[PDB]
Structure formats: structure tokens, C-alpha cells
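Worksheet: the structure to be examined is printed underneath.
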Amino acid sequence: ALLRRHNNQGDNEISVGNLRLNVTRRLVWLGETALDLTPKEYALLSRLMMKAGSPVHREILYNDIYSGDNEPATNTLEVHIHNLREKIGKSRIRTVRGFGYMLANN
DNA sequence: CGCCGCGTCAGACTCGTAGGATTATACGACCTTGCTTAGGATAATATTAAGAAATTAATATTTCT
């Protein structure tokens, strides 16, 4: 409840185009079908959709999926975004060099 | 021999300490210089595939216990 009221502005459903995300139920809906999303990809997608339209920093994402203790040594955020874009479509997740990524609303 | 009159130069020491020197001022015209636009060609350079394989972290047996 807390997380939802603060970040998702109180709403239980994020509606961006054909993407619909129930953050409380952990459910992602491409159009009307359901998607099998790994934990990490779910976290990334959650964050991008909550801050709809506005690019999120790379470091914000890196913290958001990676617990302080287990921090890897190589390219992971990029691969996770790649698979998120493969399961969702290259159009949704636009790349903003230097300052992370952005989910397009328009 | 015994002045004698010219410059001449540092004169003890610790604390803080405001205002300070006018006059009267030509136009072009090259020529150069010292800094700014600008316009693409590359060159880094940040990211994206990709896959593949390698753990590796979970899922689901099944065998003990």
C-alpha cells in the first residue's frame, strides 16, 4: 500500500498504451494477454512505468534491481533491458545515452 | 698645523590606523590581431545484440529420516 501511494501515485494499475501493470498483483498485461517476466525485468518495467515518460537514471535502475550486497562486475542492466525489449517490443523502451532509459508514452 | 665649513645619514621599541594628489584632452583609414561562428569527417564511445555457456539460483522429486 505504501509503495503504491507514493510512487504509483495511489493507483493500483499503470496504463501506458497496451501495457497494463497491476503492481499489487505483480501482473503485466501486453494488450490482453499475460507475459512471463523474470524478477529483474519486472522490477525494471515497474520503475519505468511508474515514472512514466520521464527518463530514469542508469544508477537508479542499477540500485533498484541490484541489492547493495550482490553487485556484479559486468554489463547486466543493458542485457536486462534487451530482454525486456524482446518480451515487450523495441518501440516501448527508448534509449537515452548517458542518462539511462525511458518508457515512451507518446 | 690646525682648523673649517660643505654635505650627509641614520637616528629604540610593542600595539591599531580613516582618506588620500586638478590642469586638459580630434577623426579617418588601413592593417593586423585576438577572439568568435561553422561545417562536415572522422573518432571515440556508450549501448545493443546474442548467444552461449556457465554458473547459479531457484523449483520439483524422492530418498532418507
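Residue numbers start at 1 in each chain; chains themselves are named A, B, ... in the order of the C-alpha cells; ligands are numbered from 1 in the order shown.
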
Taking only C-alpha atoms (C1' of nucleotides) into account, produce a table as CSV in which each residue of chain A with an atom at most 8 Å from an atom of chain B appears once, together with its shortest atom pair and the distance in Å to one decimal, ordered by chain and rising number.
residue,atom,partner,partner_atom,distance
A:78,CA,B:47,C1',7.4
A:82,CA,B:48,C1',7.4
A:97,CA,B:46,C1',6.8
A:98,CA,B:46,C1',7.4

Write out as a ChimeraX atom specification which residues come within 12 Å of segment 51-58 of chain B when counting only C-alpha atoms (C1' of nucleotides), dropping same-chain ones fewer than 6 positions away. /A:38-39,79

Mind listing the strand (DSSP E) residues of segment 15-87 of chain A, per DSSP on the backbone, as a list in words? residues 15, 16, 19, 20, 21, 22, 27, 28, 29, 30, 33 and 34 of chain A

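For the pair atom CA of residue 100 of chain A and atom CA of residue 77 of chain A, the interatomic distance is 9.6 Å.
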
Residues near segment 45-55 of chain A, cut-off 7 Å, only C-alpha atoms (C1' of nucleotides), skip fewer than 4 positions along chain, as a list in words: residues 7, 8, 14, 41, 100, 101, 102, 103, 104 and 105 of chain A

To one decimal place, how far is atom CA of residue 11 of chain A from atom CA of residue 44 of chain A in Å? 18.3 Å

If I take atom CA of residue 64 of chain A and atom CA of residue 15 of chain A, how far is one from the other in Å, to one decimal?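 Result for atom CA of residue 64 of chain A versus atom CA of residue 15 of chain A: 21.4 Å, one decimal.
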
Output as a PyMOL selection string all residues of segment 28-90 of chain A that backbone DSSP marks as alpha helix (DSSP H). chain A and resi 39-50+58-65+77-88

Using only C-alpha atoms, can you tell me which of A:88, A:65, A:93, A:71 comes closest to residue 31 of chain A?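 Checking each of A:88, A:65, A:93, A:71 against residue 31 of chain A, counting only C-alpha atoms, the winner is A:88.
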